[PDB]
Participant: 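Shown below is the structure under consideration.
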Amino acid sequence: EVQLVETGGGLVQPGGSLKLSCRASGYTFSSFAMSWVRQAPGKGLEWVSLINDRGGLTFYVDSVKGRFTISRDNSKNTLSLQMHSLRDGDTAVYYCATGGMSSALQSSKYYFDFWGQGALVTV
Amino acid sequence: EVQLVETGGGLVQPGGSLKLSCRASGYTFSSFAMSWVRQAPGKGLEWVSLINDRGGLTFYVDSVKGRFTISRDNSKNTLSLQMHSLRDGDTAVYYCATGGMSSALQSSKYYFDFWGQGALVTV
Amino acid sequence: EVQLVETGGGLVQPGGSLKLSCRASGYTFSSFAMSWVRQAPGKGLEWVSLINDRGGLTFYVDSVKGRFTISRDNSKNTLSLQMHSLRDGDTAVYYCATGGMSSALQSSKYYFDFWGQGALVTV
Amino acid sequence: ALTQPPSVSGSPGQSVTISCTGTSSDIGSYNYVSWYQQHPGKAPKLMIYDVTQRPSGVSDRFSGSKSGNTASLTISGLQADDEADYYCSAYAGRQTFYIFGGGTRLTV
Amino acid sequence: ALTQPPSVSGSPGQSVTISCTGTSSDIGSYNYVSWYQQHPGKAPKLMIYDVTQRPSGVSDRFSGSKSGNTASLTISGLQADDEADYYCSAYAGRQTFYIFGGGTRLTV
Amino acid sequence: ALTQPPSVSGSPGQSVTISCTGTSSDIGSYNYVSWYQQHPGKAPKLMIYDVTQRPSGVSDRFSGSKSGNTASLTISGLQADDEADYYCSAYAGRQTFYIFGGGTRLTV
Amino acid sequence: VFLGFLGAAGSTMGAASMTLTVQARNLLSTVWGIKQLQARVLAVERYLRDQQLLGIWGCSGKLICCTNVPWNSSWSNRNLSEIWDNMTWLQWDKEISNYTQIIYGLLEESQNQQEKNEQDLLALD
Amino acid sequence: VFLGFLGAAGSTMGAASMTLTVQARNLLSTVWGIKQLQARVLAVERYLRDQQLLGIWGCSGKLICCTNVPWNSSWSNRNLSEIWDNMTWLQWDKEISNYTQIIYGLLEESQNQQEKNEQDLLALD
Amino acid sequence: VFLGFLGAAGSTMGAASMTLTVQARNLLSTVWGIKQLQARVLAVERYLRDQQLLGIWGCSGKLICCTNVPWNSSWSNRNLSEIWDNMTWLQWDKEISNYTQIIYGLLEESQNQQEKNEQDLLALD
Ligand SMILES: *[C@@H]1O[C@H](CO)[C@@H](O)[C@H](O)[C@H]1NC(C)=O
Ligand SMILES: *[C@@H]1O[C@H](CO)[C@@H](O)[C@H](O)[C@H]1NC(C)=O
Ligand SMILES: *[C@@H]1O[C@H](CO)[C@@H](O)[C@H](O)[C@H]1NC(C)=O
Ligand SMILES: *[C@@H]1O[C@H](CO)[C@@H](O)[C@H](O)[C@H]1NC(C)=O
Ligand SMILES: *[C@@H]1O[C@H](CO)[C@@H](O)[C@H](O)[C@H]1NC(C)=O
Ligand SMILES: *[C@@H]1O[C@H](CO)[C@@H](O)[C@H](O)[C@H]1NC(C)=O
Ligand SMILES: *[C@@H]1O[C@H](CO)[C@@H](O)[C@H](O)[C@H]1NC(C)=O
Ligand SMILES: *[C@@H]1O[C@H](CO)[C@@H](O)[C@H](O)[C@H]1NC(C)=O
Ligand SMILES: *[C@@H]1O[C@H](CO)[C@@H](O)[C@H](O)[C@H]1NC(C)=O
Ligand SMILES: *[C@@H]1O[C@H](CO)[C@@H](O)[C@H](O)[C@H]1NC(C)=O
Ligand SMILES: *[C@@H]1O[C@H](CO)[C@@H](O)[C@H](O)[C@H]1NC(C)=O
Ligand SMILES: *[C@@H]1O[C@H](CO)[C@@H](O)[C@H](O)[C@H]1NC(C)=O
């Protein structure tokens, strides 16, 4: 039932400021941590960013640490990713996924349980 | 009215231990942070060191971090810089300046407001 | 009188998991910090690891930090070193020694006072 | 990144063992290695998590295992519908989180 | 260090715009970019601080601005006495503090 | 690592001064430089600790000293039994602890 | 201050752990002018004793404090979902009343005093 | 101890913030043997309540404590020079009496409990 | 709680510094219903005063606290082995009763307030 649906994906130029938004349904959004993972057209998977269940702790890879901004709204069930100063290496299908961490009061969820359709981004 | 006057500048050999002293007048010395900034004869400006208004917090560039020692005396209105193990790259006009930081109870002073005559140092 | 006697030394293959044990006598074992220092057959001395007098604080060189494990038992007077994933660069005579640090309530012992016979390890 | 064989092959009904090699700071420090199956044109799916544990709805034919700084995905009972790109994911601490390996092309 | 054009020129009464380019960790992270004017044989003088703010006694002809990871010094009404080396200073955090650019030779 | 002369020589009854050079972060930051004497086939022995201090049982003929970022071992009254490899050990902080120099071959 | 007091007494431990300040703020305030005074004094001592516990542990000034004592399955084999999501604090306190003083001793003795001595020795390196 | 007490009451807030220990040390100490005892008990409760506030905030054991609550210009639009260099603490307390409990609630609720929960979750990574 | 109290009074300072929790836990609890109450109140004040000292120093919540005050040989020229290994705390307190308030002033004034102000200024960089 868990349906993740990304939008906001398209085409942009170097230096662009692109916003993606992943809408979630079928489960309690505020109870799970979320991640963004990207796949270049000719390469494998790369983890991009992680946000906790409350939206207060954010983690990024060094290559995007000062450019990407993960965020979440738990009332609207919307995960979002704002990328500034997009580089040629950022061309990829971006996926939103449930999991990657959990709070101290839950069991470990060091994996991505559910995944999205994906959203192509061409810099 | 703010008059900064450096002394102690001259010539030294590699491995030298050179002390400069900047005397301040025309303003409240203990109310401002001070910095040392250097300019090589053929290059631009380079920031060297920073000391706060109370003389308890000192900051240096990595290239001089273990060799230079900024200090201040607020009764005598004297800023001082002791450089040990001077290297060939340390040849420059050294300037003392007011500003570079401020305490939490003041407005931001992330700039060098007033400057000194300068003092030539040849390693 | 201080007699340090290492054992467990021999020959192993790359990826081996080798355990050495140094037995101490002639002094209060629990009152001194212990170190392991290695000497390659054709090189000089290299410090490997340090354990405090209570066996709660352990320090390693970066080259072995995730592979070696220093430990001690103060009732049996036995210092031990467990090395996993042994590499070709780990071929050496390993020595156990008394000293390298002390608690805040003792004088500084930033040196190795007493030494062991040594134990050859060929990866 | 993790090193993973670029492609493997197996006849139907046979069993294959995709491998995966990592440093000691990630596979050899944490027991959190997960495996994903991505069909062409679709998004990955968590075949295995925590080395040996399967999400519900996933057939028993998929199993995982670890050995030192190495992980493996044993796929028994190969079917035509298993033709997918398989990926590793290892948790590698707090200064970095997830490291993926390259894809493994499975053909039947 | 910051990258700054080595020299610019402008006729009297015209307006010039010295530029200054930095990484995102310094100009693009903090709104603390200051500009200094150094005549040959003398020490610098703070023309502008905090991107858009002028020390007292400084003529209105000097103005500053920022754009992403770039700063600029608009000098209008050029006079013969403006012939000086101009320098950038950006605040770049706590592990390093002030980064200067190269000098810009202004001729009239 | 510390730089130490590979070998020195001295006639009996003469005095030699083995040298030892280090960075400013280790010899020039902490007054903890110790010297060890290792005979071939045996394990080292602490001739000196804390730059100028001798363990009990060690003859007065061995003395140490420091000068900036340099340490030295003055061995007076050379005897045939002093033929050994001498090593430096400097304390170099908390992120690394002990740095040794190369051996010095003493011949008589 | 009183408002909301003990409201999460019937809530799950996870939900009831976000209201700790509400209970914390309600612990501190003719023979009837003496007895009431004694009650006030009593409250202070109880508060200080609990604070003293938090200070002998490494938990001074905190309402949620993480420690280095491993959990023992003898104390409780329940999962985290069966403690934080499907259980209240009163039920948990009834089960773990039996083991409280062992956990308190481990908290007091091994972890905090060994950690404090190890910081005493790291600070002189 | 008493010496210097409230001396900086008429000084600027910056100058008067370097004497905090002087005021801090002066907060802690036949029906007349009961009433005086009540006064002593009262002092203790007041002290503990203030300390309790500092503990529910992330300010336990500190006389100067920095927080994550942004200042709101509605509370006060004055510059820093007009607060720390040209103003006393009594004047500041008279203006900000009106807003004290909003700042106290923001200090108590959002920042400290969210920070404490975030440390609870970072410590298990 | 009482068990083991003051047991290391005759032990060396090093050996007697590993039992600090035993003494710490024993500091906190018809005219005879008033006098005893006064005694209880007295104990609280003493405890709070000591805790207040630890708070004006950077030692809140700690039983062993390291500081930035250099030791002065005028206070004591004895080695560490002659203090921690060959000496008891009663002998040490008898010698250093003479110097206690100078050390307390240095602890209170220079180190903690200058460190606290320096953290106030580092936090705004
Ligand atoms: C009581 O339990 C019900 C479920 O039976 C739940 O929805 C409700 O929130 C609980 N009440 C409180 C105060 O937690
Ligand atoms: C758990 O408790 C039992 C006694 O109930 C004890 O024997 C055992 O050692 C404890 N385990 C650990 C890991 O402390
Ligand atoms: C743990 O979770 C499982 C999930 O099926 C549950 O049935 C079981 O009772 C729980 N175990 C304990 C010991 O609480
Ligand atoms: C502890 O023992 C008592 C009886 O002495 C019992 O009621 C209680 O339930 C025990 N603990 C557990 C976890 O059952
Ligand atoms: C009172 O104000 C005057 C200036 O009018 C100032 O010099 C003096 O220091 C102030 N007194 C105190 C105690 O701060
Ligand atoms: C400041 O206070 C006003 C009410 O006085 C409120 O509406 C506003 O949102 C507050 N601003 C911030 C930034 O919290
Ligand atoms: C801020 O400082 C200016 C400096 O001219 C002063 O005139 C003004 O009154 C101050 N503003 C406020 C709101 O305190
Ligand atoms: C708060 O309101 C009172 C009247 O209720 C008023 O005296 C006070 O000055 C107000 N606050 C401010 C900042 O004016
Ligand atoms: C008393 O001193 C003796 C040595 O004379 C020592 O062995 C013993 O442990 C000491 N007692 C205590 C309680 O420390
Ligand atoms: C130690 O104390 C003496 C007075 O007893 C004093 O004059 C001296 O300056 C002090 N030394 C230090 C280093 O504080
Ligand atoms: C320090 O130690 C020596 C060791 O011989 C001892 O004799 C001496 O009395 C001690 N000195 C002091 C000042 O305690
Ligand atoms: C401090 O002075 C008293 C006499 O006033 C003396 O008994 C005590 O021993 C002195 N301190 C020292 C270290 O001797």
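Quick note on labels: first sequence line is chain A, next is B, and so on, each numbered from 1.
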Participant: Counting only heavy atoms not in A:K43, do more than 12 sit closer than 6.0 Å to its NZ atom?
Facilitator: no
Participant: Rounded at 0.5 Å granularity, tell me how far CG in H:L121 sits from CG in A:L57.
Facilitator: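 One gets 6.0 Å once the value is rounded to the nearest 0.5 Å.
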Participant: Give the atom names and distances for all donor-acceptor pairs closer than 3.5 Å across chain A and chain H.
Facilitator:
residue : atom : partner : partner atom : Å
A:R54   : NH2  : H:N117  : O            : 3.4
A:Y110  : OH   : H:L124  : O            : 2.9

